[PDB]
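A short worksheet on the structure shown next.
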Amino acid sequence: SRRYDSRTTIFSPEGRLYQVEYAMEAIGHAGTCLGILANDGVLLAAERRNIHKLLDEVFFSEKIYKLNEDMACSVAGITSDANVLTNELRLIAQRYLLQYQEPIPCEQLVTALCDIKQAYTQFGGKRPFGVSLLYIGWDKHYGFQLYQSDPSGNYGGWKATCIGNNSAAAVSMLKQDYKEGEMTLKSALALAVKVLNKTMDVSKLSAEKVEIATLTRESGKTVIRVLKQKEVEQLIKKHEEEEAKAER
Amino acid sequence: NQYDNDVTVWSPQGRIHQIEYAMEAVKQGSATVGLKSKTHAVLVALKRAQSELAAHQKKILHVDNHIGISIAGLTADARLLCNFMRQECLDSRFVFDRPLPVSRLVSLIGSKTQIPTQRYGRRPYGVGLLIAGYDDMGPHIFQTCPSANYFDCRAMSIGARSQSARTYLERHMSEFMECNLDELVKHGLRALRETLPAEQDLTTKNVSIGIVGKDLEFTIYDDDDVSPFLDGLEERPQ
Amino acid sequence: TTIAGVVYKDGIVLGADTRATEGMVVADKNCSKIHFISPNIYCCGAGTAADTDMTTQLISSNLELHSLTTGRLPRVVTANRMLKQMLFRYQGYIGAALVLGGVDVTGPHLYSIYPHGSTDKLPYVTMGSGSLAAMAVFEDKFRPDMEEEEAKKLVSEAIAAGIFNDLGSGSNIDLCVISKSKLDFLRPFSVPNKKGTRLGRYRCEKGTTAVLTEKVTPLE
Amino acid sequence: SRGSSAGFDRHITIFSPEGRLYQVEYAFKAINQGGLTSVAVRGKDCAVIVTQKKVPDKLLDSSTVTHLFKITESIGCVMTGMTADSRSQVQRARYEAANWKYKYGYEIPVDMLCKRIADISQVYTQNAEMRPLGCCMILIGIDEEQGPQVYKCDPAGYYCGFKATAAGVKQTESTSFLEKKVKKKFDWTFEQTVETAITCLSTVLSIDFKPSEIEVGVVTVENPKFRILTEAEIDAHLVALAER
Amino acid sequence: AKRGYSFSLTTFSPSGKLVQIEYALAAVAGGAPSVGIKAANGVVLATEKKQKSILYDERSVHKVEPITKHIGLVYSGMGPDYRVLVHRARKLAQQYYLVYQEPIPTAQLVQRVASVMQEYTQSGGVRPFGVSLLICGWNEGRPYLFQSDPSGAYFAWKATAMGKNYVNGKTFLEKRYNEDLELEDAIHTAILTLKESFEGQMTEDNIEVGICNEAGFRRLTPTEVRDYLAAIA
Amino acid sequence: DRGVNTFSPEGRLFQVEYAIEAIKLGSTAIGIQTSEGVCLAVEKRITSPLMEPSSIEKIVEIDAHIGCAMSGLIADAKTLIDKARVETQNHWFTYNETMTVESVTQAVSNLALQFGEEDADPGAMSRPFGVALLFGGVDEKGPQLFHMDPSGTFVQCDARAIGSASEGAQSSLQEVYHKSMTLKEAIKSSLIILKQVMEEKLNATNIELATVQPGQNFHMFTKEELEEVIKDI
Amino acid sequence: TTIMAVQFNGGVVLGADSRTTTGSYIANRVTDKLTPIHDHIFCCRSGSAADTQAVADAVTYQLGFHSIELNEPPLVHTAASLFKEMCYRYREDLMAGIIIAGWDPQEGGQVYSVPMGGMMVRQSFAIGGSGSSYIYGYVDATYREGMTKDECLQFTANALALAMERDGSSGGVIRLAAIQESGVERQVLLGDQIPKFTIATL
Amino acid sequence: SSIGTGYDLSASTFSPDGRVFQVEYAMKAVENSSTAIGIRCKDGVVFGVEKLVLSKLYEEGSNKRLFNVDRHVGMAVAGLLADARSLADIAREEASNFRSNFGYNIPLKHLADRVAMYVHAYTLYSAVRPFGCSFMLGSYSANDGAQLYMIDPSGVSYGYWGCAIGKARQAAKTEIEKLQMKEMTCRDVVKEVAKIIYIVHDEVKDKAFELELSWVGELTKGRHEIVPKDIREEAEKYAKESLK
């Protein structure tokens, strides 16, 4: 029995978890996913990996998941393990709504799932979830927020972050253009396209390869929408003309 | 080489090494002698001391009014089996009122010790016991091993250098049946003396005696109570 | 509640009323009491209305799971044994009085299942509040091996007898005819009762009710 | 690669680099460890089972040594492989057959009995805790609606209906013998189906065996009850073979 | 007496790939070819039913299995593992009907089936399935087609191919498949995609085909397969 | 790699033998049994002058009549002492009397080989306690001292030393101790041997002294009364 | 409810009424209380209709599986013991009065009685149910030792006819069953076929 | 036929050639233990086990290899005596549960099947090891008559007229072949059983042995009893005289 055991919840000589770090390698192969914060709203931008001629396209989104009335998340890593985690996030958000009769704060929902992901790394002898999650939402305590999640159960509140393929190069590119406390949603969408175009395997950029979703508070209500192809096409062309205007 | 880690793994020769390694625990502990007559059963045990400042280890333990044991091996495994033997004797006196026969109790040990020798992640009881008991059939001397196999013996000695004691008991086996209580015990110490080297002999501090039978209940003699038995000893035969 | 079943030359005719009452007040005028089990077996229901629905739907769910694994049409004895064993385990706490009737490979089979878990195989059975009035029609006019139209007339008269004579039953007569090749689910077979139309309407004039606060919310 | 190994793919029931289950593949070789061959042939009137009855010494009681088993009054089977695993699958088959009649009212079909055993043996294939059963069950019996049925389940979990089947050491050789008989149009009667089954075990193994060396079990339309022929009736079929 | 392993058998490699899932995807690739095409008017599923011995009874065991009145399944890879997925899909479809009193949406059933397939890649002492599934259905006046792999991921397809030479199937599909095809035309192009990788003549016993529309899902009888197979319609 | 309950070719468990080796790295402790009481001495071993010396407690009271000194892994010891404190109060609740020193030691000795992987509770022990203990107290039999080790073998001792320099301190106790010595000589002798085995010089805020006598209850020596016996170097 | 089983040299003769009442109303006047368990083993049901039918189906499942494991024709004592274990263990939950009678190649004709308590005893003749109380006087006086098959058929029919006459819970149709080495043969006594007994009038 | 690394460590693991070595090594444990014989006669069964004396200090009757499963059932064991006693307790409980449910003495053919299923259940898992012992069962009644069964570490049960298990099982079986146990009375069998053990016993490899015999037939009215001092020594006298 112990001969066939892989030993997942065990420390290494250097003081680190192997199965967690190997799960971190799994996310680095997945599609590029970035989310950035603005003054009037907050948005997510993800690289769609499911690209084929004979795909049906039924769902509203591929990697953007709706969790709450005021909250949404994005996925980087294994799609199957993500479907379990996103379903759990929807349950925790509803348990809080049943108990307190008010929407769950953004930080409380992120920490709740990260407690479960930490449990898998400490006890159980099972493989950890190889999924990194980017959360966007609004609460009455702090407002518009952005969060990053790790397989170890590690969370962090960001203003501009990226996870997935070419994550190290993209986060440095986001560090170059971002302006603190002055960025609007209009300039944020232009910044997101700028990063995705440069940090990608197949360049030029088409509407089918990318997926952008926005979260904005309108008339005292949170509005979460996935931008359609025609809306995305305009954002690419606005950056495409900026490429031509650069040579002058 | 790789078959000596678990009890569940069988050797290509048709053996279990983990049970055989558990038997080595009995051989490392000090020797104890168990013999019987027609009316009495006596346990004579040799005590060990890690240092001269520390007292000698307890070797004979109580089980019931008619049953007693002398252990050889692990101390914690000895007390764990002793508590089981005490509980089974209490259950018989609670339900049937009568004292539980020795043959019944030894069979219960052979049932409990068999369980962990077959399951994964479980170990055999690394302790050998010599059981002295008296029922309505006479005196009894029983030998239990780390393996569930038990022995009904006339005289037996198990432990460190117990082979020398085993040879003495074999030459005087026919004498035991018609022996007096005082003489029966003297045969026990003389066997226990053979285990020790010619440099040292038996004293009041390292000898424990447990006697049970028709005349009296099980009683353990330790320091000043063991001295009437030691006095009148035949001199050391090197 | 008046439910009945019959066995004729070809198949089975099942009957039911449409009155559902809360105490001594009519709650539903048009209520379905003949329930779907399988494309060949149907079951009438009586007793506790909530218990009747959920007991039927569970066995119908299990038999659809059973028929697709076997690859052939489910048997009436399979529907009977499932209802018999499940109701027995609850010791009659689930108040479900059922009349099982379906056409099988073996032939026509009619059963009557009691809430405690007792089953009776008979050519004709009556269950519910007006079961005594319905049985009286069968014990007087029933004959072995009948025609389809002759069997349909007998059950309709049996249900109607429970409708007029029993206070617990009323309104429309529902019939379900199942044969070896044909399945007729006549929902309104006979409507003996009719409401006297309102000759003098008391329609409230526009703006006769006093309003304190008004709020209008637009929709997409 | 064709024959590659990684990790513990040959010790526990897990996938190999190619996508093959080695432990499951070794279970088929455990069937051939018994040194016996079973042949099943289906006719228009009956289903026939024939198997070797090896008695190495006179010390053994011949009546007790049998691979023919009764599950229901209408359903019988034969076991090929490890006898310890064989009896365990029979006792489970007897349980599933009785439970079907209790829960569903009517008697279990041969099609559903073989499917149930195949689903149980699938659990061994997916779980690493236990090894798959090193035995093979060939079920016979008449469905009261379709007719005679012959089914066979694998340690892998594969179940299928058959016109003619074989299992054991001489499995692949005897299956080729049945193919030649099926290709040609035959009038499959009671005597025709039995004689084809016996000759198959007599040509491949090349023995020309005695009535005490084989065991035969038939299920006919007139008698749906499972019956063993015994030495008195088996000899009658054997003496009739040496005629043409 | 038994216990059961609590540790996972599927673990992450130093590279970052799940070793057991990729080998399970290798197991499905070495199976019989299976095709599924949505036609906006109906759904068609066809698979290779090669028996390669004649002695086997062809009508006894089916590869195309119905789940409910409107949903069916076609697979590639291992047979025994598929059968357990059928019973589980049938039970999950009935659990939805008992609660909501409405025929289960195709998109919803696939989510529930893939969730079970995800478990066996993370649960203690179990290997993943060596089966990829093609789920068809009809609800809200719209046809549906999905694909669920050993990993637990699900994809929506217009037309796709599985089994051996799936790369040759999809390339032939994107060359032949067109939007707004009739149900009868969908069967013709589905039975032709299976001919791409087959060898050894097609007979009514050699392949198995099932259709799904507004009337519901049903398996086509060997008589109906016979007419759609004799070269012409 | 092997299981926790694995026997050696020698005839003993591995995990138990390694737990004995764990004590040899811990701090030294000396206990002496006298006719008029039992004294316990232990080094605090302060790593940094910033750390509070009063926080380091290696001698703790189980009851008002029994004290206990610990060596090796301090963290594991506090679990054993806490269990011993409950057992004394459980016996007090049931029998309305104080437990004997031998009985308290036997109660802790029952938790010796209660470690294992299979056939155990979800929150059971996986490894033995790497702690050597010195149970010193006064009952109706008089002043007694007991020694316990990871194996669970408990025995009465006149003078016992456990820790890093266990071999050096024991040899010094063998040439000084006799049956008819006084308690003041027992405290004096223990301190002279304690400074010999230490690496850092003996100080008032460096040692712990506790005496249990038939006269009074468990007494912990404060800094002021410690210097009263330190002045006699 | 009236049930009867009489033992003879060849095998057993069974008899049961056809009336099942839910208060004072007949729910079924055609009830078959003779339940087959095996090829030669039958039982007679009395008491709660839900309870008796559930146990009878459970014994059929238990004995059916038992007979195949031993590969031997089942004993009447074995079949009655399975009824005994269920009636005794759940005696506070079940209302059953089962009389088990059949045939086996080892002993022959056997009649066993399992009353409300859960006990088991072998008898030459057995009567149970509500209507059995009225015919205790008749059976004790008419019974002869060593009666033939034909005599036992008349003996059961007469006793049941007198029971249904007086008891309100008993009535309808007499159902008889004769079991021997040959097999099981059943007959149904109708309206005018019933044993005639005069009504005393002034 | 020997695998070193893997395949032979767990009982839930198949070897490349399709064998379970953990069961085979348990069969090697019974080969190292002394021979145990049992011959079925016309009116019962007679058992005979040679008990190797390890030390002269042990009492006569200790380490008994003859057990009473039921009042009519006997048990002769070979192999590891630790596992032999545990299987005896399971056999005793199986016989106890049958009488408690049905009310009559358990048939040997059913008892041998139910215990062998328990023996088999220890050969499929890694959590438990197969029993390292083989045993025999014998009973006599009025209806069933004389019956004898043998169960090996794998879990296989067969009927025997005369079986032997232990050190020299091959040498013992050749001696039973000469005997006419079909026609012989069990009183003459005890005389012949005793002399086989004396011939089989290797007195240059092994030291000394103690003879143990058992009755179960019409002579003891069906009850399994131990052979009295008068008959045992009378058969032991013939065993020594026929040796010359």
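For the structure tokens, the naming scheme is as follows: chains receive sequential letters (A, B, ...) according to their order of presentation, residues are indexed from 1 within each chain, and ligands are indexed from 1 in presentation order.
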Going by DSSP on the backbone, which bits of range 68-233 of chain B are strand (DSSP E or B)? Write them as number ranges by chain, please. B: 68-73, 119, 127-135, 138-144, 150-153, 155-158, 160, 207-213, 219-221
What are the nearest atom pairs, with distances in Å to one decimal, for all residues of chain D that come at most 9 Å from chain G, using only C-alpha atoms, set out by chain and rising residue number as CSV?
residue,atom,partner,partner_atom,distance
D:70,CA,G:68,CA,7.2
D:71,CA,G:68,CA,7.1
D:72,CA,G:68,CA,7.5
D:73,CA,G:68,CA,8.6
D:91,CA,G:69,CA,7.9
D:94,CA,G:65,CA,6.9
D:95,CA,G:65,CA,7.1
D:97,CA,G:65,CA,8.8
D:98,CA,G:65,CA,6.2
D:99,CA,G:61,CA,7.3
D:101,CA,G:61,CA,7.7
D:102,CA,G:61,CA,6.0
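All residues of protein, DNA or RNA that reach within 8 Å of range 108-112 of chain H, judged by only C-alpha atoms and not counting those fewer than 6 positions away in the chain, are residues 69 and 70 of chain G; 73, 91, 94, 95, 137, 138, 139, 147, 148, 149, 150, 151 and 157 of chain H.
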For chain E, which residue among A:51, A:227, A:37, A:98 is the nearest when counting only C-alpha atoms? A:51
Expected answer as a compact mmCIF listing (two decimals) with N, CA and C atoms, in the first residue's frame: chain D residues within 8 Å of chain E, only C-alpha atoms:
# COMPACT_ATOMS: atom_id res chain seq x y z
N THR D 13 -3.56 -2.00 -11.40
CA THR D 13 -4.44 -1.81 -12.56
C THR D 13 -4.50 -0.35 -13.01
N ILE D 14 -3.37 0.14 -13.53
CA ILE D 14 -3.29 1.50 -14.10
C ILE D 14 -2.79 1.47 -15.54
N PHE D 15 -2.91 2.61 -16.23
CA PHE D 15 -2.56 2.72 -17.64
C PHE D 15 -1.06 2.67 -17.92
N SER D 16 -0.71 2.08 -19.06
CA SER D 16 0.66 2.10 -19.57
C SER D 16 0.81 3.27 -20.56
N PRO D 17 2.07 3.63 -20.91
CA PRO D 17 2.33 4.70 -21.89
C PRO D 17 1.52 4.60 -23.19
N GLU D 18 1.15 3.38 -23.58
CA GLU D 18 0.36 3.15 -24.79
C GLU D 18 -1.14 3.24 -24.53
N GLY D 19 -1.53 2.94 -23.29
CA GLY D 19 -2.94 2.93 -22.90
C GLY D 19 -3.47 1.51 -22.72
N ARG D 20 -2.58 0.61 -22.31
CA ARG D 20 -2.93 -0.79 -22.09
C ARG D 20 -2.83 -1.15 -20.61
N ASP D 111 -29.02 -12.57 -20.88
CA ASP D 111 -28.43 -11.32 -21.33
C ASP D 111 -28.10 -10.38 -20.17
N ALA D 118 -20.28 -8.72 -15.63
CA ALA D 118 -19.31 -7.90 -16.36
C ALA D 118 -19.10 -6.53 -15.70
N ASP D 119 -20.16 -5.99 -15.10
CA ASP D 119 -20.10 -4.71 -14.40
C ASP D 119 -19.38 -4.82 -13.05
N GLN D 122 -15.68 -5.11 -13.66
CA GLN D 122 -15.15 -3.82 -14.11
C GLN D 122 -14.54 -3.05 -12.94
N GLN D 126 -10.71 -0.99 -12.56
CA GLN D 126 -10.49 0.43 -12.28
C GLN D 126 -9.84 0.68 -10.91
N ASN D 127 -10.10 -0.21 -9.96
CA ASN D 127 -9.51 -0.10 -8.62
C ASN D 127 -8.21 -0.89 -8.49
N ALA D 128 -7.23 -0.28 -7.83
CA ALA D 128 -5.90 -0.86 -7.67
C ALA D 128 -5.77 -1.77 -6.44
N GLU D 129 -6.81 -1.77 -5.60
CA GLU D 129 -6.80 -2.53 -4.35
C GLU D 129 -6.84 -4.04 -4.55
N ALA D 156 -11.64 -8.71 -18.17
CA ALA D 156 -11.55 -7.31 -18.57
C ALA D 156 -12.88 -6.58 -18.36
N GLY D 157 -13.98 -7.31 -18.51
CA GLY D 157 -15.32 -6.75 -18.36
C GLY D 157 -16.15 -6.82 -19.62
N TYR D 158 -15.59 -7.41 -20.68
CA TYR D 158 -16.29 -7.55 -21.95
C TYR D 158 -17.30 -8.69 -21.91
N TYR D 159 -18.54 -8.39 -22.28
CA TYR D 159 -19.59 -9.40 -22.40
C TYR D 159 -20.24 -9.32 -23.78
N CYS D 160 -20.63 -10.47 -24.32
CA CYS D 160 -21.26 -10.54 -25.64
C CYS D 160 -22.08 -11.82 -25.83
N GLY D 161 -23.06 -11.74 -26.73
CA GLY D 161 -23.83 -12.91 -27.16
C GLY D 161 -23.08 -13.68 -28.22
N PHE D 162 -23.31 -14.99 -28.29
CA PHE D 162 -22.58 -15.85 -29.22
C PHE D 162 -23.45 -16.91 -29.88
N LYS D 163 -23.05 -17.30 -31.09
CA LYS D 163 -23.59 -18.48 -31.76
C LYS D 163 -22.76 -19.70 -31.37
N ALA D 164 -21.47 -19.46 -31.15
CA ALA D 164 -20.53 -20.49 -30.70
C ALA D 164 -19.31 -19.83 -30.07
N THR D 165 -18.84 -20.40 -28.95
CA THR D 165 -17.72 -19.82 -28.20
C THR D 165 -16.76 -20.88 -27.65
N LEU D 178 -14.95 -23.75 -35.11
CA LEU D 178 -16.36 -23.37 -35.12
C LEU D 178 -16.73 -22.51 -36.33
N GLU D 179 -15.79 -21.68 -36.78
CA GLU D 179 -15.99 -20.80 -37.92
C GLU D 179 -16.28 -21.56 -39.22
N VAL D 182 -19.90 -22.97 -39.02
CA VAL D 182 -20.92 -21.92 -39.12
C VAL D 182 -21.08 -21.42 -40.56
Could you list, as a PDB file with N, CA, C and O atoms, in the first residue's frame, every residue of chain G that has an atom within 9 Å of an atom of chain H, counting only C-alpha atoms?
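Result file result_5.pdb:
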ATOM      1  N   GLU G  69     -27.444 -23.592  -3.574  1.00  0.00           N
ATOM      2  CA  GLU G  69     -26.132 -23.700  -2.928  1.00  0.00           C
ATOM      3  C   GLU G  69     -25.811 -25.119  -2.461  1.00  0.00           C
ATOM      4  O   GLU G  69     -24.679 -25.583  -2.607  1.00  0.00           O
ATOM      5  N   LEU G  70     -26.812 -25.794  -1.901  1.00  0.00           N
ATOM      6  CA  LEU G  70     -26.660 -27.172  -1.435  1.00  0.00           C
ATOM      7  C   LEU G  70     -26.853 -28.187  -2.558  1.00  0.00           C
ATOM      8  O   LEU G  70     -26.428 -29.339  -2.434  1.00  0.00           O
ATOM      9  N   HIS G  77     -38.930 -28.448   6.888  1.00  0.00           N
ATOM     10  CA  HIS G  77     -38.388 -27.915   8.137  1.00  0.00           C
ATOM     11  C   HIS G  77     -37.501 -26.723   7.896  1.00  0.00           C
ATOM     12  O   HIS G  77     -37.477 -25.791   8.701  1.00  0.00           O
ATOM     13  N   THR G  78     -36.768 -26.750   6.784  1.00  0.00           N
ATOM     14  CA  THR G  78     -35.894 -25.647   6.382  1.00  0.00           C
ATOM     15  C   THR G  78     -36.712 -24.414   5.986  1.00  0.00           C
ATOM     16  O   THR G  78     -36.367 -23.288   6.351  1.00  0.00           O
ATOM     17  N   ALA G  79     -37.799 -24.643   5.249  1.00  0.00           N
ATOM     18  CA  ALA G  79     -38.687 -23.572   4.801  1.00  0.00           C
ATOM     19  C   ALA G  79     -39.449 -22.939   5.962  1.00  0.00           C
ATOM     20  O   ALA G  79     -39.681 -21.730   5.972  1.00  0.00           O
ATOM     21  N   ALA G  80     -39.828 -23.765   6.936  1.00  0.00           N
ATOM     22  CA  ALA G  80     -40.552 -23.304   8.119  1.00  0.00           C
ATOM     23  C   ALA G  80     -39.645 -22.548   9.090  1.00  0.00           C
ATOM     24  O   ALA G  80     -40.114 -21.693   9.845  1.00  0.00           O
ATOM     25  N   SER G  81     -38.352 -22.870   9.066  1.00  0.00           N
ATOM     26  CA  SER G  81     -37.359 -22.202   9.910  1.00  0.00           C
ATOM     27  C   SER G  81     -37.074 -20.774   9.446  1.00  0.00           C
ATOM     28  O   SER G  81     -36.772 -19.900  10.262  1.00  0.00           O
ATOM     29  N   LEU G  82     -37.167 -20.549   8.137  1.00  0.00           N
ATOM     30  CA  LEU G  82     -36.985 -19.217   7.559  1.00  0.00           C
ATOM     31  C   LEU G  82     -38.170 -18.308   7.876  1.00  0.00           C
ATOM     32  O   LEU G  82     -38.001 -17.099   8.051  1.00  0.00           O
ATOM     33  N   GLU G  85     -37.661 -17.432  11.761  1.00  0.00           N
ATOM     34  CA  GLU G  85     -36.655 -16.401  12.038  1.00  0.00           C
ATOM     35  C   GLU G  85     -37.152 -14.979  11.779  1.00  0.00           C
ATOM     36  O   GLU G  85     -36.694 -14.035  12.424  1.00  0.00           O
ATOM     37  N   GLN G 106     -36.725 -36.608   1.981  1.00  0.00           N
ATOM     38  CA  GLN G 106     -36.059 -37.133   3.173  1.00  0.00           C
ATOM     39  C   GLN G 106     -37.036 -37.536   4.283  1.00  0.00           C
ATOM     40  O   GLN G 106     -36.866 -38.583   4.911  1.00  0.00           O
TER      41      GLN G 106
END
Could you tell me which residues of chain B sit within 9 Å of chain H when counting only C-alpha atoms, and give me the result as a CSV table (one decimal) with N, CA and C atoms, in the first residue's frame?
chain,number,residue,atom,x,y,z
B,2,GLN,N,13.6,-7.9,0.6
B,2,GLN,CA,12.4,-7.0,0.3
B,2,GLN,C,11.2,-7.6,0.9
B,3,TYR,N,11.3,-8.9,1.4
B,3,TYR,CA,10.1,-9.6,2.0
B,3,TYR,C,10.1,-9.5,3.5
B,7,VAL,N,4.2,-8.3,7.4
B,7,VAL,CA,3.8,-9.6,7.7
B,7,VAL,C,3.0,-10.2,6.5
B,8,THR,N,2.4,-9.4,5.7
B,8,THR,CA,1.6,-9.9,4.6
B,8,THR,C,2.4,-10.4,3.4
B,9,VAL,N,3.7,-10.0,3.3
B,9,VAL,CA,4.6,-10.5,2.3
B,9,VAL,C,5.2,-11.8,2.6
B,10,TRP,N,5.0,-12.8,1.7
B,10,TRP,CA,5.6,-14.1,1.9
B,10,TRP,C,6.9,-14.3,1.3
B,11,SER,N,7.8,-15.0,1.9
B,11,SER,CA,9.1,-15.3,1.4
B,11,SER,C,9.0,-16.5,0.3
B,12,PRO,N,9.9,-16.4,-0.7
B,12,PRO,CA,10.0,-17.5,-1.7
B,12,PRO,C,10.3,-18.9,-1.1
B,13,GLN,N,10.7,-18.9,0.1
B,13,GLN,CA,11.0,-20.2,0.8
B,13,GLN,C,9.7,-20.7,1.5
B,14,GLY,N,8.8,-19.8,1.7
B,14,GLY,CA,7.5,-20.2,2.4
B,14,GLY,C,7.5,-19.8,3.8
B,15,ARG,N,8.0,-18.6,4.1
B,15,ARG,CA,8.2,-18.1,5.5
B,15,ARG,C,7.7,-16.6,5.6
B,107,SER,N,-6.2,-20.3,24.4
B,107,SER,CA,-6.8,-20.4,23.1
B,107,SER,C,-7.3,-19.0,22.6
B,110,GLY,N,-4.2,-17.1,21.3
B,110,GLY,CA,-3.9,-17.6,20.0
B,110,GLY,C,-4.9,-17.1,18.9
B,111,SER,N,-6.0,-16.6,19.3
B,111,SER,CA,-7.0,-16.0,18.4
B,111,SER,C,-6.7,-14.5,18.2
B,113,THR,N,-3.7,-12.9,18.8
B,113,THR,CA,-2.3,-12.7,18.2
B,113,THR,C,-2.2,-13.0,16.7
B,114,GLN,N,-3.2,-13.8,16.3
B,114,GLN,CA,-3.3,-14.2,14.9
B,114,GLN,C,-3.7,-13.1,13.9
B,115,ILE,N,-4.6,-12.2,14.5
B,115,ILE,CA,-5.2,-11.1,13.7
B,115,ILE,C,-4.2,-10.2,13.0
B,117,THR,N,-1.0,-10.6,12.4
B,117,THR,CA,0.0,-11.3,11.6
B,117,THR,C,-0.5,-11.5,10.2
B,118,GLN,N,-1.8,-11.1,9.9
B,118,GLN,CA,-2.4,-11.3,8.6
B,118,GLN,C,-2.8,-10.0,7.9
B,119,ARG,N,-3.0,-9.0,8.7
B,119,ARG,CA,-3.3,-7.6,8.2
B,119,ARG,C,-2.1,-6.8,7.8
B,120,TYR,N,-2.3,-5.9,6.9
B,120,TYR,CA,-1.2,-5.0,6.4
B,120,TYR,C,-1.1,-3.8,7.4
B,121,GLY,N,0.2,-3.4,7.7
B,121,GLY,CA,0.5,-2.3,8.6
B,121,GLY,C,0.4,-2.7,10.0
B,147,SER,N,4.2,-15.7,17.3
B,147,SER,CA,3.2,-16.3,16.4
B,147,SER,C,2.1,-16.9,17.2
B,148,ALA,N,0.9,-17.0,16.7
B,148,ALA,CA,-0.3,-17.4,17.4
B,148,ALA,C,-0.2,-18.8,17.9
B,149,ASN,N,0.8,-19.6,17.5
B,149,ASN,CA,1.0,-21.0,17.9
B,149,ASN,C,1.4,-21.0,19.4
B,150,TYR,N,0.6,-21.8,20.2
B,150,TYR,CA,0.9,-22.0,21.6
B,150,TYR,C,1.3,-23.4,22.0
B,151,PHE,N,1.9,-23.6,23.1
B,151,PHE,CA,2.4,-24.9,23.6
B,151,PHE,C,1.9,-25.3,25.0
B,152,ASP,N,1.5,-26.5,25.1
B,152,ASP,CA,1.2,-27.1,26.4
B,152,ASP,C,2.4,-27.9,26.9
B,153,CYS,N,3.1,-27.4,27.8
B,153,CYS,CA,4.4,-28.1,28.2
B,153,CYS,C,4.5,-28.5,29.7
B,154,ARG,N,5.3,-29.5,30.0
B,154,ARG,CA,5.5,-29.9,31.4
B,154,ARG,C,6.5,-29.0,32.1
B,155,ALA,N,7.6,-28.6,31.3
B,155,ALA,CA,8.6,-27.7,31.8
B,155,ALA,C,9.2,-26.9,30.6
B,156,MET,N,9.3,-25.6,30.8
B,156,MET,CA,9.9,-24.8,29.7
B,156,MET,C,10.6,-23.6,30.2
B,166,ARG,N,17.0,-25.2,29.4
B,166,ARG,CA,16.2,-26.2,28.7
B,166,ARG,C,16.7,-27.6,28.7
B,169,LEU,N,16.1,-29.1,32.4
B,169,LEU,CA,14.7,-29.5,32.6
B,169,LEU,C,14.3,-30.8,31.9
B,170,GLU,N,15.0,-31.0,30.8
B,170,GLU,CA,14.8,-32.2,30.0
B,170,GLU,C,15.4,-33.5,30.7
B,173,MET,N,12.8,-34.1,33.9
B,173,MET,CA,11.4,-34.0,33.5
B,173,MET,C,10.5,-35.0,34.2
